[PDB]
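Read through the structure below, which is laid out as C-alpha cells, and then see the notes.
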C-alpha cells in the first residue's frame, strides 16, 4: 500500500495498475493459507488486541502447523513480480542486486534454521549462476545425506535436502549452453527418487521434468536418443554407478527404457493428485522423443518404445484406442517384433505390477484383458508372473461378483492349465539373472516409517565422484 | 505349483453356492455363480482326474447329511440336482480320451454314490422320479 501512495517515486500509470491487482490478490483465501492463518476470518482483528494496556497476552493452542518449502516459492515469486514492476520506472535501481547479496550470504553458511529457506529464495530471484556456485549447492546435498544416516534426527536434515533439489530446479535454465552439467543433472534427479520419501520424490520429478524441457530448447535430442545422451555421459564414472544398480534391483546397461520407467511407476502411488499427473507428463515427453528418433508416427510399437506405452495404457485414451487388444490400428503384444525372450518377460512384469497395487474397477478391467491375451500369445514366458498374480487372483475368484471383471480372470486360469504339464522353461527367478530382481518391489507404496533405505552410503560416493570428474576446480 | 491351488478355489466356491449350504446371497442373481460352473466344466478337460475326485467328496458329504423340515428336504433335493447335472456335462464334454485308468475313483468314490439313487428311493414321489432320470444318464 505504501508503494501505491508514495510521492518520492513516480510510477507510470501502467505500473500502478500492476500493484493494485497485487493488493487484492494477497487478501484472497489462497494467500491466507500460504501465510498459515487459515481459519481466521480477518487478520486485522487477530493481529491487534483491544485490551492491550490492561492485561498481557495469553497464548494458547500450542499445536502449530508445519511449513512446506513449496509454499515459500509461491510467496517469494509473488513479491519478485512486484519488485520488477517498480524497477522498470525507477532508473538504475539497485533493489534486486541488494536483495540477492543478502540471500547469497545465508545460502552458503551453516545454519539449520535459515539455510533451507535461504536456498529456495536464492534460486528464485538470481539471474546469473556460475560453475563455482553449482558445486557448493551439490556439495551441500552430499553433506546432508551423510548426516541423515549417522544420527537419529532425520527430519531436521531432510529439509536441507529438499531445499538443495528445489534450488537446482530453478538454476539450471541459466547455465551456459555448453556445460556438461546440463546433462549430468539427470542422475541427481534419478539418484533422489531412490530415497523413498514423498517430499523428496515430489521434488525429484520437478527437476526431471524441466531437465527434459531445457535440453529440448538447446536441441540436444535432435539426432540422438535419450539412451545415447545420458548413458554416454555416465561412462567416465561407471564403476560407482554399477554398484548402486546392484542393490536397488534395476539395471541400466541391460535395458535403459525399462529401468527409467521403473522409477517413474512409483509416481502413481503418491498421495497428492498433483504428482500423479506430473509423472504422466514425463512419460509422454519421453515417448515423443524416442519415437522421433525412429520416425515412427509417435504411436508405433517397438522394443525401445514399448515400455512407455504400458505405463500410459491405463491413463491415456489415445494409447488404448491406437493400441487395441486383437481379441476384442495396430495391436499391442505383437509377436513379430517382440521376438526376444527378455524384452517380453519385462513387459509382463510391468503389467502384473500395475495391478498388484492398483485399486480401481476401471483400471483392473483394462489390465486383466491385456494379461489374458498375453497368456496365449506368450505361453512360454507367462510362468514368470505367478507370484505377482498369485495372491490377488486367489482372492478375486472367491469373492468377486462382477461379470465384467470375472470374465478375464477365468480365461487366465484356463490358459495356465492348458500349457501346463511341461517342464518349466523359464523359472520365477529368470529376472534376477540379468538384473531386474527388484522391479516389482520398487513400485510399492511409500513407507509410513520414513527412513533412508540405508543404501544411501553409495549415493554419497557417486555424488562425490560426479563433482571430481566434471568440476575439478 | 500355484495353478493347482487356483483350481481348488474354483471348486471350493462351488460348494458355498449349494442351497443347503448357507446361501449368503452370493448368487448375485446366479450370474456370478453360473460363470463358476462354466469354468469348472472347462477345467475338467485337462484336469479331469482332479476335478472329478473333488466332486465325489462334495456329493458324499451331502449324502451323509441329516436335516429336518419341508425347506430342508427341498433344499437337499435341488442341491443334489446341480451336482449331478454338472458332473454329467464333464463326462460328456470330455473328449474321447478313452483313458481306462480311472478304476480307483470308479470302484469306491463314484459308483457307490450313484448306485444309491438307482434304488427305489421312495422318499419323494416326484423328486425320486427326476433323480433317477438324471442319475441314469450319468451312469
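The numbers here are math on the coordinates, done by the rules we state, and not lab data. We place every Cβ from the backbone using ideal geometry, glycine too, and count neighbours over all the protein chains shown.
Which members of the range A:384-409 meet the condition of being within 32 Å of the chain's Cα centre (by Cα) and away from chain B (no Cβ under 11 Å)?
Answer for the range A:384-409, where residues must be within 32 Å of the chain's Cα centre (by Cα) and away from chain B (no Cβ under 11 Å): A:384, A:392.
Picking from B:70, B:5, B:16, which residue would you name as being facing another protein chain (nearest Cβ under 9 Å) and surrounded by fewer than 13 Cβ atoms within 10 Å (Cβ to Cβ)?
Only one candidate qualifies: B:5.
Among the candidates B:23, B:54, single out the residue that is surrounded by 15 or more Cβ atoms within 10 Å (Cβ to Cβ) and more than 9 Å from chain A (Cβ to nearest Cβ).
Values: B:23 fails: surrounded by 15 or more Cβ atoms within 10 Å (Cβ to Cβ).
Selected residue: B:54, the only one of B:23, B:54 that is surrounded by 15 or more Cβ atoms within 10 Å (Cβ to Cβ) and more than 9 Å from chain A (Cβ to nearest Cβ).
Please go through the range A:421-458 and give me each residue that is within 14 Å of chain B (Cβ to nearest Cβ) and more than 24 Å from residue A:350 (Cβ to Cβ), ordered by number.
A:421, A:422, A:423 - these are the residues of the range A:421-458 that are within 14 Å of chain B (Cβ to nearest Cβ) and more than 24 Å from residue A:350 (Cβ to Cβ).
Please go through the range A:302-322 and pick out each residue that is outside any helix (DSSP H, G or I) and buried (at least 21 other Cβ atoms within 10 Å of the Cβ).
Of the range A:302-322, the ones outside any helix (DSSP H, G or I) are A:302-303, A:312-316.
Passing the criteria: only A:314.
Return yes or no: is residue A:353 at the interface with chain B (Cβ under 10 Å from one of its Cβ atoms), closer than 26 Å to residue A:262 by Cα, surrounded by 15 or more Cβ atoms within 10 Å (Cβ to Cβ) and within 31 Å of the chain's Cα centre (by Cα)?
no
Can you tell me which residue among A:316, A:329 is closer than 23 Å to residue A:281 by Cβ and touching a helix residue (DSSP H, G or I) at 6+ places or on another chain (Cβ under 8 Å)?
A:316
Collect the residues in the range A:152-182 that are surrounded by fewer than 17 Cβ atoms within 10 Å (Cβ to Cβ), in contact with a helix residue (DSSP H, G or I) (Cβ under 6 Å, 6 or more places away or on another chain) and outside any loop (DSSP other than H, G, I, E, B), keeping them in residue-number order.
Correct list: A:173 only.
Yes/no matrix, rows are residues, columns are (1) crowded, with 20+ Cβ neighbours inside 10 Å; (2) assigned to a loop (DSSP other than H, G, I, E, B); (3) in contact with a helix residue (DSSP H, G or I) (Cβ under 7 Å, 6 or more places away or on another chain):
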residue	(1), (2), (3)
A:232	no, no, no
A:242	no, no, no
A:254	no, yes, yes
A:277	no, no, no
A:284	no, no, no
A:290	yes, no, yes
A:300	no, yes, yes
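Evaluate the range B:28-35: report whether one residue or more is away from chain A (no Cβ under 14 Å), within 15 Å of the chain's Cα centre (by Cα), under 30 Å from residue A:388 (Cα atoms) and in a helix (DSSP H, G or I).
No; the residues of the range B:28-35 include none that is away from chain A (no Cβ under 14 Å), within 15 Å of the chain's Cα centre (by Cα), under 30 Å from residue A:388 (Cα atoms) and in a helix (DSSP H, G or I).
Determine, yes or no, whether residue A:149 is more than 14 Å from the chain's Cα centre (by Cα), surrounded by fewer than 20 Cβ atoms within 10 Å (Cβ to Cβ) and part of a helix (DSSP H, G or I).
Yes: the conditions hold for residue A:149.
Need at least 3 residues that are within 18 Å of residue A:169 (Cα to Cα) and within 22 Å of the chain's Cα centre (by Cα) per element, so show me which helices (runs of 4 or more DSSP H) inside the range A:61-143 make the cut, counting only ones lying wholly within it.
So the answer is A:69-89, A:115-125.
Do you know which residues across the range A:373-383 are away from chain B (no Cβ under 12 Å) and either closer than 17 Å to residue A:358 by Cα or part of a helix (DSSP H, G or I) (or both)?
A:373, A:374, A:376, A:377, listed by residue number.
If I filter the range B:36-50 down to residues being under 12 Å from residue B:14 (Cα atoms) and more than 7 Å from chain A (Cβ to nearest Cβ), which single residue comes out as surrounded by the fewest Cβ atoms within 10 Å (Cβ to Cβ)?
Residue satisfying both the conditions and the ranking: B:38.
Quick one: what pairs do we get from the range A:393-417, first residue under 14 Å from residue A:355 (Cα atoms), second outside any helix (DSSP H, G or I), C-beta under 8 Å, 6+ apart or different chains?
Pairs that qualify, where the first residue is under 14 Å from residue A:355 (Cα atoms) and the partner is outside any helix (DSSP H, G or I), are A:409/A:400.
Scan the range B:93-107 and tell me whether some residue there is assigned to a helix (DSSP H, G or I), under 22 Å from residue B:10 (Cα atoms) and within 14 Å of chain A (Cβ to nearest Cβ).
yes
Restricting the search to the range A:221-230, which residues are in a helix (DSSP H, G or I) and either buried (at least 18 other Cβ atoms within 10 Å of the Cβ) or over 21 Å from the mean Cα position of the chain (by Cα) (or both)? Give the steps one after another, and end with the answer.
Initial filter on the range A:221-230 (in a helix (DSSP H, G or I)): A:226-230.
Correct list: A:226, A:228, A:230.
Check residue A:45 against each of (1) more than 40 Å from the chain's Cα centre (by Cα); (2) part of a loop (DSSP other than H, G, I, E, B); (3) surrounded by 10 or more Cβ atoms within 10 Å (Cβ to Cβ) and name the one condition it does not meet.
Only one criterion in (1) more than 40 Å from the chain's Cα centre (by Cα); (2) part of a loop (DSSP other than H, G, I, E, B); (3) surrounded by 10 or more Cβ atoms within 10 Å (Cβ to Cβ) is unmet by residue A:45, namely (2).
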